[PDB]
Amino acid sequence: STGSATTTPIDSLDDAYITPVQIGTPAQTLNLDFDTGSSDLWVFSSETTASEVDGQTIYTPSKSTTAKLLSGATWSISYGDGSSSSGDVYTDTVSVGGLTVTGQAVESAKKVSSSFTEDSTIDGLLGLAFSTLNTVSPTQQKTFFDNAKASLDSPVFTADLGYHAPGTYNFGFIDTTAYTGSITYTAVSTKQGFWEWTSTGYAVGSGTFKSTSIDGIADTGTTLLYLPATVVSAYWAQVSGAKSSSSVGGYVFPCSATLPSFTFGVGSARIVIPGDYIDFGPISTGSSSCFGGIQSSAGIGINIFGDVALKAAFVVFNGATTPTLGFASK
Ligand code: NA
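This is the structure:
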């Protein structure tokens with residue numbers, strides 16, 4: 001089997017991407033944030049505290065003939081940005097882009113933090129990291145990908161995120177029309193439950209490539225590219241008037257600037273992030289200070305190749321016995 005779904009930016013900045021997911025019988029379609037940096041599929045629901053719902057579409061298990069309470073199971077998750085959610089668990093049929101899993105754990109939110117309530121466009125998350133990170137207790141649950149894997153034509157999914165445009169998540173096949181050149185594969189460590197890999201270095205604009213190992217994760221659920229402070233300072237030093245602002249919480253730059261590209265290494269291959277991808281617009285409405293898309297990972301304890309980096313590539317998440325990541329230009 002295979003599945004193929006379109007993923008759509010939630011706003012004009014590509015702050016996140018939503019993908020429609022069918023849950024239950026008859027189908028309830030919710031727009032989920034597919035997150036390769038976490039392992040819970042959780043949704044706004046009929047159980048969510050009413051004051052914490054503001055425009056999201058909810059899953060109502062009582063209206064699904066295939067929903068069953070997973071008795072005694074609870075979940076609670078905290079993300080890198082300080083947001084959180086928790087609740088109880090149902091199993092139900094879940095389909096993505098025509099690929100169906102029966103008996104998927106659907107984590108129903110009883111509580112969500114303010115950042116979720118305030119984002120009316122995201123109805124929940126679908127985690128695609130390794131199932132060792134799933135938070136269901138006392139019986140850990142599998143991801144949608146892990147439950148689908150054995151049925152797929154190939155044990156892979158791909159992320160093809162758009163810059164200010166829709167993109168695609170495919171399950172079970174490589175679309176050889178979706179990228180240019182060849183796919184370069186690189187090793188993955190699953191030790192922390194992430195798609196953790198080592199970049200071979202970077203370049204700023206038309207500058208020379210610096211060969212250096214940068215360990216980080218491929219995380220579709222993180223907007224920005226978080227890299228070591230040395231790398232980030234070298235980038236922003238090429239932008240006149242850029243500075244790190246403790247008040248704003250990262251590097252800002254004049255909205256009048258033209259940003260340089262940023263290149264990262266994948267083995268002997270190179271992925272180029274155009275400058276425009278690094279512009280996250282005014283820090284507040286009408287400001288002439290703009291927020292940068294490349295930020296320091298110092299204090300986060302890991303480097304994160306988030307959407308700014310991943311949307312410059314066709315990315316293969318290879319879930320074979322020995323997982324690997326692939327990157328191609330597009
Ligand atoms: Na922000």
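With the first letter of the sequence shown counted as 1, position 317 gets the number 317 in the authors' numbering; the numbers rise by one all the way through.
Even for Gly, the Cβ is constructed at its ideal location relative to N, Cα and C.
C-alpha distance - residue i paired with residue j, whole-angstrom precision
i: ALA218; j: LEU225; result: 10 Å
i: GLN238; j: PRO260; result: 7 Å
i: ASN318; j: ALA159; result: 11 Å
i: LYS210; j: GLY306; result: 21 Å
i: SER213; j: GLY207; result: 18 Å
i: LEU69; j: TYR59; result: 13 Å
i: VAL89; j: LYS63; result: 15 Å
i: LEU133; j: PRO274; result: 33 Å
i: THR263; j: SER85; result: 35 Å
i: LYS142; j: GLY221; result: 18 Å
i: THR230; j: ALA178; result: 34 Å
i: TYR185; j: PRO323; result: 10 Å
i: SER131; j: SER256; result: 44 Å
i: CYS290; j: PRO282; result: 4 Å
i: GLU196; j: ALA129; result: 10 Å
i: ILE302; j: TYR169; result: 25 Å
i: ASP123; j: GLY326; result: 29 Å
i: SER284; j: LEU152; result: 45 Å
i: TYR17; j: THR8; result: 5 Å
i: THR49; j: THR223; result: 27 Å
i: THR57; j: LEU30; result: 6 Å
i: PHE157; j: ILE174; result: 8 Å
i: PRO26; j: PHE280; result: 39 Å
i: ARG270; j: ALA187; result: 16 Å
i: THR180; j: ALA312; result: 12 Å
i: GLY205; j: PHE314; result: 21 Å
i: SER76; j: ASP11; result: 27 Å
i: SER38; j: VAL266; result: 23 Å
i: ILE304; j: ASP119; result: 22 Å
i: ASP54; j: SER189; result: 39 Å
i: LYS330; j: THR258; result: 23 Å
i: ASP81; j: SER240; result: 29 Å
i: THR2; j: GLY193; result: 24 Å
i: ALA242; j: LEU32; result: 35 Å
i: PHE116; j: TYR79; result: 11 Å
i: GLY162; j: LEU125; result: 19 Å
i: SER287; j: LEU13; result: 15 Å
i: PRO61; j: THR91; result: 9 Å
i: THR176; j: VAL272; result: 20 Å
i: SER245; j: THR100; result: 46 Å
i: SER114; j: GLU52; result: 7 Å
i: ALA328; j: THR200; result: 15 Å
i: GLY216; j: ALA298; result: 13 Å
i: residue 332; j: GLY127; result: This structure gives no information on residue 332, because the portion of the chain shown stretches from 1 to 330.
Beta-bridge partners of residue i, as assigned by DSSP
i: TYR251; result: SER244
i: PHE314; result: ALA328
i: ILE217; result: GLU196, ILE304
i: residue 403; result: An answer regarding residue 403 cannot be provided, because it is not within the stretch 1 to 330 covered by the chain.
i: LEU13; result: According to DSSP, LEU13 bridges with nothing at all.
i: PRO282; result: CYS290
i: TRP42; result: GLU107, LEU125
i: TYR202; result: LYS210, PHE264
i: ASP35; result: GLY127
i: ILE271; result: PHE264
i: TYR185; result: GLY326
i: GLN295; result: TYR226
i: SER4; result: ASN170
Are the region 80–100 and the region 21–28 touching by the rule of at least three beta carbon pairs closer than 8 Å? yes
Counting Cβ pairs, one atom from each stretch, are 3 or more of them under 8 Å apart for the region 100–108 and the region 145–163? When C-beta atoms of the region 100–108 are compared with those of the region 145–163, three or more pairs fall below 8 Å, so the two segments count as touching.
To test your reading of the DSSP string, which unbroken beta strand (DSSP E) runs of 3 or more residues are found completely within the region 101–172? 124–127, 156–160, 167–171
Stretch-stretch touch, CB-based, cutoff 8 Å, three pairs: the region 108–115 with the region 30–44: yes
Ignoring anything shorter than 3 residues or poking outside the region 55–107, list the beta strand (DSSP E) runs there in chain order. 68–78, 84–96
Decide yes or no for the touch test of the region 239–255 against the region 279–299: beta carbon pairs closer than 8 Å, at least 3 of them. Enough Cβ pairs lie closer than 8 Å, so yes.
Is it the case that the region 69–84 contacts the region 134–143, given that we only count it when at least three CB pairs across the two stretches are under 8 Å? yes
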